[PDB]
Every structure is written in C-alpha cells, then in structure tokens.
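Data first, discussion second: the structure below is written as structure tokens.
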Amino acid sequence: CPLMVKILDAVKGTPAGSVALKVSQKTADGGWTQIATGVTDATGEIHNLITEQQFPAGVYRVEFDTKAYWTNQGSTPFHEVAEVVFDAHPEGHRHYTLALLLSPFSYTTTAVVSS
Amino acid sequence: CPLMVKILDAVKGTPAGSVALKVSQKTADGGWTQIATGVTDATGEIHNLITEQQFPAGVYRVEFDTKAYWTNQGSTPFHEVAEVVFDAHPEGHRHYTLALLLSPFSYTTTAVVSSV
Amino acid sequence: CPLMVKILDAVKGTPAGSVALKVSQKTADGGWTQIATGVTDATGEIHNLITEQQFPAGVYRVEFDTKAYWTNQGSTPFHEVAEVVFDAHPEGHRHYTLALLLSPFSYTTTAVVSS
Amino acid sequence: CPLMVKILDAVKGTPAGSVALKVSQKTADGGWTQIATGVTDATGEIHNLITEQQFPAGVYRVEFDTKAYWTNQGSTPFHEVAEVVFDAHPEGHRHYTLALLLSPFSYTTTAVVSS
Ligand SMILES: O=C(O)COc1cc(Cl)c(Cl)cc1Cl
Ligand SMILES: O=C(O)COc1cc(Cl)c(Cl)cc1Cl
C-alpha cells in the first residue's frame, strides 16, 4: 500500500466512514486520467487503494467527495470536493499517507511521507 | 467585492504575500473557464478580484500557486497547488471569503459566507 | 490594540460571536494573574481588550470558552476550553492576532505577529 | 490504552518524534494534579501513556512541549506549549486519541473518541 488515506470527522470526533474518492495521474500532455476509486471504511482508511505497480513516480490528484459525505450526514457543506495534488517519488518503497480533517465549511489536509 | 481571500503563513506568523491565484467558473459541460487572476498583497488579500457582475451563481474554482510560494520561501512543499472548489449563491449581496492557512506539508482552508 | 483575536466557526461558515475569553499574565512565581476578560462581537473579534500599557513583555495565556460556544448552539463539543499560551515581545508597537477556527471536536489556532 | 496521542509535523511531513508531554487531572478545588509524563516515539505516539487505573471520569489536561520541539528542529516557534483540555467519560467510559498537527506558528488539535 504505497498510497494511504486517513479521514477524520471534526463534528462527531470519529473517523469519516464511506468517503468516496478518485485517484488520477497526470498525463504527459498535462491533463489527468483516472486510475482508481475507493471508499473509506469505518476507520477512515482505504486498504489496497492502488498497487505499487500502479504508483510510479509522477504527479497525482486525489479527489475526495466531501460534499456527498456531508450531505449524507444531513449537513450543508461548503466545498464541492476536496482535491489533493502532489508529485510522488515512490522510489525506495517511499509511502504516502494523505490525512484529511473534515468540517462542513473547512478541511485540513496534511501528508506523511515515509523514509 | 463578492469574492475575497485571506492567506496566512503558519511557519512565519505573517500573511502570505505575493501568492498567485486563478479563478475559474464551471461551464455547463463540466469544463472550466478562467475569469480572473491576481496576486495577494502583503496582507494576504486580493482587493477587487472580480465584480459582482462577473460572479453569477455557479460553481467556481480558485487555484492558489502554493508551490511557488514555498519554493520562493526556501521550503520544499508537498502540494503542487491548492484548489478550493465551491458552489456560489451570490443572491442578495452574499459575499465569500476563502481563508487559507499554509504550511509546507499542510494547509487548512475555510470559508466565511456573509448574510444577505 | 496590541492583542487581537479572530474566531471563525467551521460548521456554519461565519465568525464565532459571543465567545467569552480571559487574558492572564504569567507571574514570577510561576502563577497566572488575570488581567482582562472580553467577549467576541458578531465579527469574531474583540476591540479594546487591553492597552499597550497593559501588555508588557512576558508570557500570556488567552483562554477561550469554546465549550459554552458549542453548548449554547445545541452542539456537543469535546474541549473544555481552548488555551493559547505565548511569550510576547511587544517592543516597537508589535501587535499580536490570535486566529482560532472552531469545530465541535477540533480547533486550529495560528498567530499573526506584526513588524 | 485509554489515552493515545498522534503528533504530526506539518513542515517536514513526518510524525513529530521526541515531543515531551504531561498529563494532569483537574482537582475539585480547581487545581491540577500531574499523573504522567511521556515522550513521543518516532511514529508521533506514546504507548501506555496512562493506565485505566489513572483515568476516572473528570477533566484532564495534556500539555505538549511544542516550543522545545521547534527549538530542536531549528525553527522559531510562537507557542510556549499546546494544551488540550477535555472532560473524560462524561456519559460513560470512552477511549480517546488526541491528534495534533504542528507548525511553528500554528497547531490543529482534534480528538477521536470511541466506545
Ligand atoms: O490519525 C492521524 O493520522 C493523526 O492525527 C491527524 C489526523 C488528521 Cl486527518 C490530520 Cl489532518 C492531522 C492529524 Cl495530527
Ligand atoms: O480569518 C482570518 O482573517 C484570521 O483567522 C484565520 C485565518 C485563516 Cl487563513 C484561517 Cl484558515 C482561519 C482563521 Cl480563524
């Protein structure tokens, strides 16, 4: 699992379960192509989101469907989506964790990149 | 102005000056049309970014070039960009402020939406 | 106005009005002396909280009553209080703004220090 | 473990290692009694910070020595400490994880509470 997520709900104080996301890779011409989808489990994580073979060096975009998450919680959200875009260098089994803390009108995102 | 930003630097405890951004408006086909560009002043703001006339209801995208900000600050950043995407309902002189708090490997974004 | 606050509500997307706060100064013996109290207005701010004369160099605590903010909203919060503790060096008309972004189970706090 | 911490460093994108902290319980007279100290490991966690025997219902403070962390990282920090203050087990026993995201002039705290 070279690419992990950890999503927390700042209203309830729990992980954010059943958050849908989409992973895209930047193409040589400057656009995007979607390579994977996932939904968080009750711990706010997605196991086996993509394989190492699917995660070579390059720029990736992870789109988190925060609007649906909040709608399904019965809240009104501000953001249409939460996007995280980063250049990955998985050389040497370098692993990436995208952390996301959700509120209806706010999110915080950070990354933990292993050695 | 109907669309304001406020960018702060969490490493230095100052506003984030000279951050470039782009504002786009979603098209019925799901494309994006760029409608404005700008650069924050030393208070982390952009005054008169767009007019009310230019800000009808619809989905908007604001793309903050945080990578150049951090590279110029001498830090290596994680994110290639920071994008904020939201549906706007400007009816009644409802105004939007996008607040962004930057660190090299993290950002917090929130919105303040005024009453009619 | 050497000491300013700005409090936002991450659930509703508004300033956090009517938040009570207390300002304390650390004493030589390791204790705290309360020097000011205040309540945020509808913009999430407090004007004329303390004067420059009252704000000599030293360590200060600002205690925000976030629990009552959420409880009076009908929400259920985690934190008893939010405290911000910092060493101030106000020489040269150096001003401090404490920014606070509130959710029921989270808060983000940052500082803007002028030149 | 009824009380866990997870500390991340938003400058480097790593867990925050070797962060010292102190856990205190509020006393009926308004004082604080220290019940434990600890130091995070390289994963930004402290295993077995307190035991169940040390964790009756009541108000607790976790004081994180963030200033020493940044000083050793070679940065100039704003805050003296980061304090997290919460009522434990208000409606019955729970387990608590205190997440803390550190920058030199800012931090984000949230909590994950489970049954
Ligand atoms: O559980 C963790 O990954 C540690 O706690 C956090 C979680 C999130 Cl989602 C964020 Cl943005 C920060 C921290 Cl410290
Ligand atoms: O909103 C302000 O003007 C000052 O305080 C903040 C600044 C930022 Cl960038 C964020 Cl994300 C939150 C707050 Cl409270």
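Starting from 1 in every chain, residues are counted up; chains themselves are A, B, ... following the order of the structure tokens, and ligands are numbered from 1 as listed.
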
Contact check, chain C to chain A, at most 8 Å, counting only C-alpha atoms, closest pairs as a tab-separated table:
```
residue	atom	partner	partner_atom	distance
C:10	CA	A:105	CA	5.1
C:11	CA	A:104	CA	5.1
C:12	CA	A:105	CA	6.5
C:13	CA	A:105	CA	5.5
C:78	CA	A:13	CA	7.9
C:103	CA	A:10	CA	6.1
C:104	CA	A:11	CA	5.1
C:105	CA	A:10	CA	5.0
C:106	CA	A:10	CA	5.5
```

What's the 12 Å shell around residue 46 of chain D, counting only C-alpha atoms, without same-chain residues fewer than 2 positions away, as a PDB file with C-alpha atoms, in the first residue's frame?
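Wrote it out as out.pdb, contents follow:
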```pdb
ATOM      1  CA  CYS D   1      -4.561   2.194  26.182  1.00  0.00           C
ATOM      2  CA  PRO D   2      -7.383   4.599  27.095  1.00  0.00           C
ATOM      3  CA  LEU D   3      -5.496   7.813  26.145  1.00  0.00           C
ATOM      4  CA  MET D   4      -3.460   7.896  22.925  1.00  0.00           C
ATOM      5  CA  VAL D   5      -1.736  10.740  21.105  1.00  0.00           C
ATOM      6  CA  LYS D   6      -0.724  11.170  17.481  1.00  0.00           C
ATOM      7  CA  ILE D   7       1.528  14.155  16.651  1.00  0.00           C
ATOM      8  CA  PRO D  15       5.374  12.254  12.675  1.00  0.00           C
ATOM      9  CA  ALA D  16       6.732  14.534  15.379  1.00  0.00           C
ATOM     10  CA  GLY D  17       9.234  12.458  17.365  1.00  0.00           C
ATOM     11  CA  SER D  18      10.505  13.082  20.881  1.00  0.00           C
ATOM     12  CA  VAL D  19       7.771  15.575  21.871  1.00  0.00           C
ATOM     13  CA  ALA D  20       7.527  15.739  25.635  1.00  0.00           C
ATOM     14  CA  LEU D  21       4.145  15.985  27.322  1.00  0.00           C
ATOM     15  CA  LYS D  22       2.499  15.973  30.752  1.00  0.00           C
ATOM     16  CA  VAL D  23      -0.952  14.640  31.686  1.00  0.00           C
ATOM     17  CA  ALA D  36       2.047  11.140  33.976  1.00  0.00           C
ATOM     18  CA  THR D  37       4.776  12.329  31.659  1.00  0.00           C
ATOM     19  CA  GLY D  38       5.826  10.831  28.352  1.00  0.00           C
ATOM     20  CA  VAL D  39       7.740  11.437  25.142  1.00  0.00           C
ATOM     21  CA  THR D  40       6.553  10.518  21.676  1.00  0.00           C
ATOM     22  CA  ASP D  41       8.321   7.832  19.679  1.00  0.00           C
ATOM     23  CA  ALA D  42       9.322   8.258  16.038  1.00  0.00           C
ATOM     24  CA  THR D  43       5.705   7.498  14.995  1.00  0.00           C
ATOM     25  CA  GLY D  44       4.481  10.511  16.986  1.00  0.00           C
ATOM     26  CA  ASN D  48       0.842   3.140  27.558  1.00  0.00           C
ATOM     27  CA  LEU D  49       0.769   6.843  28.450  1.00  0.00           C
ATOM     28  CA  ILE D  50      -1.661   6.199  31.330  1.00  0.00           C
ATOM     29  CA  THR D  97      -6.981   9.686  20.742  1.00  0.00           C
ATOM     30  CA  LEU D  98      -5.654  13.255  20.694  1.00  0.00           C
ATOM     31  CA  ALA D  99      -4.366  14.217  17.264  1.00  0.00           C
TER      32      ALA D  99
END
```

Notebook entry, point to check: Tell me, which residues of segment 31-62 of chain C carry DSSP strand (DSSP E or B), written as an MDAnalysis selection string?
Noted result: chainID C and resid 32:39 58:62

Next item on the list: Quick one: superpose chain D on chain A on all Cα atoms, same order, and give the RMSD.
Entry: 1.2 Å

For ligand 2, collect every residue having any atom at a distance of at most 6 Å from a ligand atom (counting only C-alpha atoms and all ligand atoms); output as a compact mmCIF listing (two decimals) with N, CA, C and O atoms, in the first residue's frame.
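File written: pocket11.txt
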```txt
# COMPACT_ATOMS: atom_id res chain seq x y z
N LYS B 6 -8.03 35.29 2.09
CA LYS B 6 -7.13 35.67 3.16
C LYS B 6 -6.16 34.52 3.36
O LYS B 6 -6.57 33.44 3.80
N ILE B 7 -4.89 34.72 3.02
CA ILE B 7 -3.89 33.65 3.11
C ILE B 7 -2.89 33.99 4.20
O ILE B 7 -2.33 35.08 4.19
N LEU B 8 -2.65 33.02 5.09
CA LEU B 8 -1.69 33.17 6.18
C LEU B 8 -0.60 32.10 6.09
O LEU B 8 -0.81 30.99 5.60
N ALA B 99 -10.43 31.51 3.23
CA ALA B 99 -9.31 31.62 4.15
C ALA B 99 -8.43 30.40 3.97
O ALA B 99 -8.93 29.28 3.84
N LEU B 100 -7.13 30.63 3.88
CA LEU B 100 -6.17 29.57 3.63
C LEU B 100 -4.96 29.77 4.56
O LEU B 100 -4.38 30.85 4.59
N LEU B 101 -4.61 28.72 5.30
CA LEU B 101 -3.50 28.71 6.27
C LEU B 101 -2.48 27.70 5.77
O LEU B 101 -2.76 26.50 5.69
N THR B 108 -4.90 24.36 5.74
CA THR B 108 -6.27 24.44 6.25
C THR B 108 -7.01 25.48 5.43
O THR B 108 -6.51 26.59 5.21
N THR B 109 -8.19 25.13 4.95
CA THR B 109 -8.99 26.11 4.27
C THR B 109 -10.39 26.13 4.85
O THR B 109 -10.92 25.10 5.28
N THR B 110 -10.94 27.32 4.93
CA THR B 110 -12.28 27.52 5.43
C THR B 110 -12.91 28.64 4.62
O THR B 110 -12.26 29.27 3.76
N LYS C 6 -9.37 36.65 16.27
CA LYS C 6 -10.31 36.43 15.17
C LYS C 6 -10.77 34.98 15.27
O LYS C 6 -9.95 34.05 15.13
N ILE C 7 -12.06 34.77 15.55
CA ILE C 7 -12.57 33.42 15.75
C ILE C 7 -13.60 33.13 14.67
O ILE C 7 -14.53 33.91 14.47
N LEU C 8 -13.43 32.00 14.00
CA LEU C 8 -14.35 31.51 12.98
C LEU C 8 -14.96 30.17 13.36
O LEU C 8 -14.37 29.35 14.07
N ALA C 99 -5.65 33.79 15.82
CA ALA C 99 -6.73 33.30 14.97
C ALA C 99 -7.12 31.92 15.46
O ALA C 99 -6.27 31.13 15.88
N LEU C 100 -8.43 31.66 15.47
CA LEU C 100 -8.97 30.43 16.03
C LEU C 100 -10.13 29.96 15.17
O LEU C 100 -11.08 30.72 14.95
N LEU C 101 -10.03 28.74 14.66
CA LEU C 101 -11.04 28.14 13.78
C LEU C 101 -11.65 26.97 14.53
O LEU C 101 -10.94 25.99 14.84
```
